[PDB]
Amino acid sequence: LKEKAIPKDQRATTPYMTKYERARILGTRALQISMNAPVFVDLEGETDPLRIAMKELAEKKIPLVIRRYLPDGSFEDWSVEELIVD
Amino acid sequence: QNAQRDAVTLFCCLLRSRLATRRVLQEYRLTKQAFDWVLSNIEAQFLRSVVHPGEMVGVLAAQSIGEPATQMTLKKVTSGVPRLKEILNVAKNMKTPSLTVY
Amino acid sequence: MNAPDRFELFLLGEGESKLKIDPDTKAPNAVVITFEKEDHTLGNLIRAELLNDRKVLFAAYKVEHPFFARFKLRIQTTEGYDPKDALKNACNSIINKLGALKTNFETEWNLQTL
Amino acid sequence: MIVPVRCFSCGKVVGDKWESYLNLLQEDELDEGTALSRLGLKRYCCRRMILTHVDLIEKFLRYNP
Amino acid sequence: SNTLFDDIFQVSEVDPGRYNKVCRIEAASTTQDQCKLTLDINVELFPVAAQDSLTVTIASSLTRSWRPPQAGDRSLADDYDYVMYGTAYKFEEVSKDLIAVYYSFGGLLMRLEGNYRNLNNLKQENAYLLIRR
Amino acid sequence: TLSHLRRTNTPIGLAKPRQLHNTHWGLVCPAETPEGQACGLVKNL
Amino acid sequence: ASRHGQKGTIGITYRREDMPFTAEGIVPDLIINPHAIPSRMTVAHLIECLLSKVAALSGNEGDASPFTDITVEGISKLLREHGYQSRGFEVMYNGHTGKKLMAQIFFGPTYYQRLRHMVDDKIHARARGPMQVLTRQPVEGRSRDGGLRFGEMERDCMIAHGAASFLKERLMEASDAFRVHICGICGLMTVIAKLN
Amino acid sequence: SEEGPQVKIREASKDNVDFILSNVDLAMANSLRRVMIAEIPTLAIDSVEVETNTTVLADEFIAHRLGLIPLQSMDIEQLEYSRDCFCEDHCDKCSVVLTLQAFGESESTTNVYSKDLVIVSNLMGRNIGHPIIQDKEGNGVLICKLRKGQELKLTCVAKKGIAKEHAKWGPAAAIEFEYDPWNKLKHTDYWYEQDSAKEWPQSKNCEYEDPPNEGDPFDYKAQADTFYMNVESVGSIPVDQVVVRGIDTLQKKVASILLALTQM
Amino acid sequence: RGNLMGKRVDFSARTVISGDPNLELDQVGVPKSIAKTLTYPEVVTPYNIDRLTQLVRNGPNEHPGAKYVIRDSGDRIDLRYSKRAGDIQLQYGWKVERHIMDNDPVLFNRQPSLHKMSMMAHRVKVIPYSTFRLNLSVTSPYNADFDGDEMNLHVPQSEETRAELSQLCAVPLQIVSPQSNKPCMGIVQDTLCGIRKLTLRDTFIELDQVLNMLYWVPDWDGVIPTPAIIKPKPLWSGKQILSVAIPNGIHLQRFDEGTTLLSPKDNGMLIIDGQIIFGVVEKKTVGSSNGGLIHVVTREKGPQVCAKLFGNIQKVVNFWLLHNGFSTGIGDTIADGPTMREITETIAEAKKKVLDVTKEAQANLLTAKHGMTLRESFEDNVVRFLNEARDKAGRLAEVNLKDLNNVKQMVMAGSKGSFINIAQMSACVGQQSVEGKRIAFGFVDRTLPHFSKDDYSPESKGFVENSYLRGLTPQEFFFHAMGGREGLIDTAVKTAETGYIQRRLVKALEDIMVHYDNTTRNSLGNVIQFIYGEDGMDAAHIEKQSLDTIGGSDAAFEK
Amino acid sequence: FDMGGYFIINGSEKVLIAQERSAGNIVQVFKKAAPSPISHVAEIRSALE
Amino acid sequence: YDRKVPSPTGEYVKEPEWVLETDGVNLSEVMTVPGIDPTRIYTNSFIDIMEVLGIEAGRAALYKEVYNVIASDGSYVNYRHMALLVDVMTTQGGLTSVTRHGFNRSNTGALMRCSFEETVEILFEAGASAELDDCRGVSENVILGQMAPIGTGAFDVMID
Amino acid sequence: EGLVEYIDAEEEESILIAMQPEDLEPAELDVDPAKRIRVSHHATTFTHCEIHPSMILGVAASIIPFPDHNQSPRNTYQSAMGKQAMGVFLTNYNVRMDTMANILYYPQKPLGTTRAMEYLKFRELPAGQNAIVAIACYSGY
RNA sequence: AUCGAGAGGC
Ligand SMILES: [Mg+2]
Ligand SMILES: [Zn+2]
Ligand SMILES: [Zn+2]
Ligand SMILES: [Zn+2]
């Protein structure tokens, strides 16, 4: 409806990055980097866009935010920074 | 919170049976640091072992059932594919209706 | 349709060096020689001859794929012993035994009638 | 459809032995084992080239064109 | 880096099992009628007959990549007839002041029981077995 | 070529027809028949 | 294939020096895996190697007709009369090393058939080939340089994996993508659109 | 005689040689037979130019049959690989040209043997390119058969090569190869039903080595250094030259390694 | 269902398959033709322009090449037919349709696509010949076989698509399948038979072979392990040398029947920190088995290490095998005269039991046990008798099988073969059956026109006392064929019925997805489960472990 | 070695495949289903030769 | 049946018991018979159990029957998959089969329905009832060539 | 001369066929153990005898050597595959112009032959070759 | 294009 937002304090979705959202994120970054877009890491002799994005993730230099949608229509925004990878 | 206590109820039973105070010290011989490492590993493997949202588990289940039936091969009761088709297609006129009485 | 020309089994092409030499990692005094356009005819003989030089520590070879005629021979020798020299000695000893074989065979054959 | 040159397996030339073989069975009334033995074909890899051969060319010649 | 066990055993039962070059030998200590052992022996290399008397020894030495004996320069730590290398995998408390040690030489097993070796045998990768004639 | 000239069809369409029958002895080859679909309906003399 | 439903393709071509060899110098034209034997119970194949061996040595024929009193024991007796091991085994040396094979090998003539299914007649590869007319999808068949079908059985698999983008890619960019114009009132592509 | 490997010839013939190798490690004998098969060079047809073919066979059939024909290759060392010669396609120092032309004149069936191959190119005085004929009647291999009224006119260009490139280039006739008849080495595990002795036949070579004693233990440090070989040649090269040239080819192959080592 | 739910697609390839022992698990042997034919759009960047220029220069006719160039304007540049195919000046922001090259991710498929494990991403390895090549341990999910099978390949065309293939659909990720909560790939038929013989206590390896085995392992430490035997001759054990393939830091613990810690029969398995202590390696240890080596390595070390372990163990065992040798032959189907005598004695004693029960029925002396007729009782007794006879002769044979018998070896390693196979090939093939009963009276009151009417004998209704080795009689042959036809039909029918059933299941549950709140819902959001699997776990990483509270006396519980 | 028994229609050689059918003008009796109103049936396919 | 039961010591031991197997089913009447355990009687005609013991008992009977058919061939499948199937058949009022008669007449959009069976008839019914498809289903998005709400597309991504 | 009769399916319902003429010999012990086990006929009212039981097979199965030693589905499969094997389908192949024709270079007659082959003309128009087959594990390709 | 038949894997 109108502004079905959620306060960041009251969030119960999994703080861990699901394998699906990780693959989507890495794909979108490797796409951005396939085109001549800026890289936010010191590429230590790396050329593959996917390896670049994968190493941009470990240093958490990927400024994207997931919008986890709930069935009622509500949603939770989660920055890549606060998300966990394991 | 009740749903959570219910969803883990079985695991915690194994947990307590395995980390019993006399067990940790007589069967295992855990030091303090080894014990805290056991705790960390269990929590980590658990939190990894949770199902990842977005999983299309319906198709996964349907395949997980259909494929082992493709190898379903050849003492009075219908079994195998005939019985399975009796089950899915709700079969009012079953071939072998039986009743087991205790 | 997809088969490679059979002369690729013995004819080097486009700067394919006969021998490439690489220093091994996690192994002191160890080196791996990529032989090109060779097969079990050569590598087995080189290894069995290296296994006779008492100052040789590690001697083995492998053909990573029968599709291709090439193989790897890894040698590890004693302190103060460049493995290339052990390879040289092995090759030369092989050649000496082979010449001896040829002379002895010629002797026995010319001795033979019919 | 014609006598192979050499045995597939070992490579011994056998194509020079067809007609001789056919005479060894016909003129001398030998048997196949001894006819093959006489021609120096001692290993069976070689023998199965002559024993199992069907010289179909004799049928192909009959076609006049 | 010295010896960790020494005794003399007389053989009781040799059993080839389903094997062709290995036999399971069962023996006990001599002049000591309480401590026994079981071992797997390559009979092809060093034969083993019943009622023989075999001098058994265990050493901690004499990590690094094995190299063949270059020449007689390497001074052997053994004038024996049979030598193996294994790894301790179990120390079984048989009873009060009665212990058992379990060794495996790449599959060939060893079980030794008794309690006059407590101070020496250890949960250490290093274990050299030695049998004399 | 020989096999094609001794082949029977059975167009009725179900395993009772498809099975090798006792009376088939001496008249139809027992084993020679196509596999998968239309197995046992198409037989050879 | 042999004469006993032992169908099979070639995985490798080994030259004769690389082939295991017997003391007579003989070499297999063919090498088949033992693991194809016991699950099919095609014992006639095994008997055929034996009989064909005895025939090639004897210069006689193999009476492999059915319902006979030919026994494996008589064949082995003949074969031993001809100086080979009774059951068909043979000492074989490795081709690369020359050191003997610990296992002696089952080795002998066997009738094999070359079938009509050959690779280069079945190989197919398409990258943006011709499309069909009605559907604007790739045409069917390799004789028309067509595209493989991405059936629903495979759509289901892609769904199970979770790959949504690859699924859309296979289903839109790779087959029959298209762009249409629609009216925001009547949601039907009856819109007249001049781009120029 | 000379320190190292020892050869004792048991039987010698124009066609095969049965002999014994002593004081040789295995891998050398193995690589020797491998080179004897694959890497020894000879001469055989590697191009066929057909003009008229009225036979019941296709052209490629006949071309294949021709390539398989044994040709004299004694002086082959004086011939060069056409890939190395500087000619346009082939020359007189890199190729030998045969010609073949036969016609079905007689009402009877006309045979086409290898003796009907005619050496057209200049031999320059070397024993090269003459078809090998071991037939008692003098004909060659039966290349083809012709009905009255069929002819065949073609030209074969024979070049140098080794059996690795194609098996037609080999003295590749089977090579017998045995060591340790009694299996004193314990190098194979014998399969048996009741008795490994009575079920396995003894080798002819069981005579040239003395039997082991059932009481003797397993000689563990012994290695195999005594081999029994029988090398047979098709005829393109005499047997003695087959084994000598194999030895020399192997030694030459090792030499290139030293040359590359010096180049490094 | 033919143009929307499925459709023919570009960038598709298809050919025969065959196995390569020298390919890593996730690799796939792509013929050079297909690699030249399939393209990937790569946008030019400062990191790749040097490589893309060389590719364009090398042209589409040879690999690694490229076929098309896309400018910023949007016009296609065909490298096969263009004057300017030589003097190309790639500009940033252009697209090069390069060739498929090594280590690209491709989706690999085999029909029928029943599994998520039937469509798995693979690493491209371009190989010369015309066949697709894959590691044997990837057959079990595909149910592949190298007898003329064909497999399909699909090429991603976007970066995120490559990402989804590599990070979700990759082969090493699907090693543990959610279905059956166990690994779906393991060691197979040659490596499996070999590894046993290698790991026999009786298997000893000398120096020369040992060093080659050491080198053959790719990620090898370069440390020669100390030989197990030293004094009379430096010797290694198969266990010892194989343990180099096993990564350090792994513990595997399994006890078979009668398995003392001394393990006199060398059964069970004890692997301590990347080295094995005792136990003959076989299917239970290294198969696609719950709680096996693959489960342990995949969970502890990870997917990639498990994949590399596949390759390492394959290379080692295959090398040993190739130089050791293994053949089957006919000799492994012969039981000695005494055993065959006992077997035919067993068959005759069963025939006599049948005769006696038959005459008992002929005198109206049956005990009409409740619920079933006299004829049913009679038929069940005879069928029981004959099956007991078949299994008794089979076990009689299997007892006589020597430990060198190659059929027995394949059975022991679990590579191929079963008890029934041995029994039929050597002892007795048994009783045939159609629609459940014995061979019916197709004629009037008889089975074949060589039998008098009303003959319920063992052989009159399809008992084949002869073994496949001994040879069947004409009647036995006909009855055997009569029975096997029913099996051909059962397969040809259950195949279609199961395809329909599978499709129905899939189409009924297609929309069921674990939403973000762990509710299991559908397109409408109607709740199916409130916690997936009633516990909210992924079906993978779930292992069978015992609950020690249950069971045992309250006394032992207290103690 | 040709065996005959085929036709040559528009160049292509054609074979007529034997069509199987239960013979007519013979009487057979068939039981009926358990829920059938009638118990048994005797049928004959009367066909003029 | 050689069933297992706790010994008074606490250890489990096998206590064989006599059990009756019928060749027919009328559960309602047999349940009310003396001499039996009306808490343990069991039928493979699970639909009768749905009629008598409620739908929730039918769920367990369904799962037990499927478990038997799968484990008969020595196979094994994890609990969750069969459970999902059974719940989907059950989550409605009673028993919904995997057939054109069952789930495919639900309210599960309209395009998802026409992708299984009775395609054009379902389309017509949708034309009549003025149906509106949510376009959140899988097959709906596939038919439309859009990224379906699957694991990768179960969400959106935006800028930090 | 009334020594052979034509018997259809219906008529054979009323007769007793012997399998071998040796079934008609009178009977009045020490046997080869390797031979298959043949039951005594236990019947005497014979009216016929099969010409030879191997005549129950087709044109394809009469190619299979020792089909009485094979699990029946294998005997079926080979019948289905022998129709895909290459060879000389006709001696006039060089004259006919067929849409497709595959012909083996050097066909060989099998070393193991059925008695039926003589009438199927297989030894005159073979379809495969006597390949030296080794059953072995060797590099696992 | 439409339709038919035959064949390949499970
Ligand atoms: Mg297949
Ligand atoms: Zn030969
Ligand atoms: Zn409008
Ligand atoms: Zn020249």
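Each value, and the rule that gives it
- Residues numbered from 1 in each chain as written, not as in the entry; some residues may be left out.
- Chains lettered and ligands numbered in written order.
- Part of a larger assembly, values for the part shown.
- Heavy atoms only, no water.
- Residues with missing side-chain atoms left out of burial classes, pairs and counts.
- Helix = DSSP H or I, 4+ residues; strand = E, 2+ residues; numbered from the N terminus.
- Rg over C-alpha atoms; globule rule 2.2 N^0.38 Å.
- Buried < 20%, exposed > 50% of the residue type's maximum accessible area, 1.4 Å probe, protein only.
- Contact = heavy atoms within 4.5 Å.
- Areas by Shrake-Rupley, 256 points an atom, 1.4 Å probe, with all protein chains shown as cover.
- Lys, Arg positive; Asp, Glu negative; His and termini not counted.
- Charge placed at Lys NZ, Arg CZ, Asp CG, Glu CD.
- Donors = N, O, S within 2.8 Å, 3.2 Å for Na, K, Ca; no water.
- Tetrahedral: all angles 85-135°; square planar, octahedral: opposite > 155°, others 65-115°.
- Pairing = 2+ DSSP bridges.
- Axes fitted to C-alpha atoms, helices over the stretch in contact; angles between N-to-C directions.
- Salt bridge = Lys/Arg side-chain N within 4 Å of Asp/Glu carboxyl O.
- Buried area = accessible area lost by both parts, 1.4 Å probe.
- Nonpolar A, V, L, I, M, F, W, Y, C, P; charged D, E, K, R; others polar.

For this coordinate set, the PDB header names X-ray crystallography as the determination method and states a resolution of 3.4000 Å.

We now examine the overall build of chain C. Within chain C, the secondary structure is distributed over 2 helices and 4 strands. Taken from N to C terminus, the helices and strands of chain C fall in the order β-β-α-β-β-α. By the compact-globule yardstick of 13 Å for 114 residues, chain C is too spread out, its C-alpha radius of gyration being 18 Å. In terms of its C-alpha atoms, chain C occupies a principal-axis envelope of roughly 60 × 50 × 20 Å. Within the span of chain C, comprising 114 residues, buried residues form 54% of the whole. In chain C, 50% of the contacts between residues at least 6 apart in sequence involve partners at least 24 apart. When the accessible surface of chain C is split by element, carbon and sulfur atoms take 50% of a total near 5,400 Å². Here chain C contributes 16 positively and 17 negatively charged side chains, and the mean placements of these two sets differ by 4 Å.

Residues and elements named next belong to chain G. At the metal site, the zinc ion (ligand 3) is ligated by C183 (SG) and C186 (SG), and these contacts range over 2.3 to 2.5 Å. In this structure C183 comes out as partly exposed when scored by relative accessible area, which is 22%. For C186, a relative accessible area of 32% translates into the label partly exposed.

Quick look at the coordination of the zinc ion (ligand 4) now. All names here are of chain H. Listed as protein donors to the zinc ion (ligand 4) are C85 (SG), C87 (SG), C91 (SG) and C94 (SG); their distances from the metal cover 2.1 to 2.6 Å. Considering all 4 donor atoms around the zinc ion (ligand 4), the spread of angles at the metal, 87 to 145°, places the coordination shape in the irregular class. Sequence spacing of the donor residues for the zinc ion (ligand 4), all on one chain, is C-x1-C-x3-C-x2-C.

Residues and elements named next belong to chain C. If you trace the 4 strands from one edge of the open sheet to the other, you get 1-2-4-3, paired in antiparallel fashion. Both edges of this open sheet fall to strand 1 (19-23) and strand 3 (56-62), since each of them pairs with a single strand only. Averaged over neighbouring strand pairs, the angle between their axes works out to 15° when direction is ignored. Relative to strand 4 (residues 70-77), strand 3 runs antiparallel, the two being bridged by 6 bridges. Looking at strand 4, one finds that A59 is bridged to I75. Relative to the sheet, helix 2 (residues 83-111) contacts strand 1, strand 2 (30-36), strand 3 and strand 4, its axis offset from that of strand 4 by approximately 115°.

Where burial is concerned, most of helix 4 (residues 159-167) of chain I is hidden: 7 out of the 9 residues are buried. If you check which residues of helix 4 of chain I are buried, you get I:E159, I:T161, I:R162, I:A163, I:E164, I:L165 and I:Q167.

Here the focus is the pattern of salt bridges. Going through the model one piece at a time under the given rule, you end up with 104 salt bridges over all chains. The shortest N-O distance in the salt bridge between B:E27 and B:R23 comes to 2.4 Å. One end of the pair is B:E27 and the other is B:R23, both in helix 3 (residues 21-27) and 4 residues apart, which spans about a single turn. For B:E27, a relative accessible area of 54% gives the class exposed. Among the ionic pairs, I:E510 bridges to I:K507, the shortest N-O distance being 2.9 Å. For the pair I:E510 and I:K507, a shared accessibility class is recorded, and that class is buried. Among the ionic contacts, a cluster of salt bridges with common partners joins I:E42, I:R51, I:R98, I:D104 and I:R162.

Counting residues at the interface gives 90 residues for chain I, matched by 71 residues for chain G. Buried area between chain I and chain G, both sides added, is near 7,300 Å², and the carbon and sulfur share of it is 58%. On the chain I side of the contact with chain G, I:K7, I:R8 and I:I330 bury the most area, a combined 12% of that side's loss. Considering only residue class, the side of chain I that touches chain G consists of 34 nonpolar, 36 polar and 20 charged. Both strand 8 (residues 149-150) of chain G and strand 1 (residues 7-8) of chain I contribute to a ladder of 2 bridges, which runs antiparallel.

Attention shifts here to the sheet that holds strand 2 (residues 16-22) of chain H. With antiparallel pairing, the 4 strands of this open sheet are ordered in space as 1-2-12-11 (chain H). Two strands in the sheet have a free side with no partner beyond their single neighbour: strand 1 (6-12) and strand 11 (175-179) of chain H. In this sheet, adjacent strand axes meet at a mean angle of 15° when their direction is disregarded. Sheet topology note: the strand 1 of chain H/strand 2 of chain H ladder contains 6 bridges and is antiparallel. Bridged to H:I9 within strand 2 of chain H is H:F19. Packing of helix 2 of chain C onto the sheet brings it into contact with strand 1 and strand 2 of chain H, and relative to strand 1 of chain H it is tilted by some 35°.

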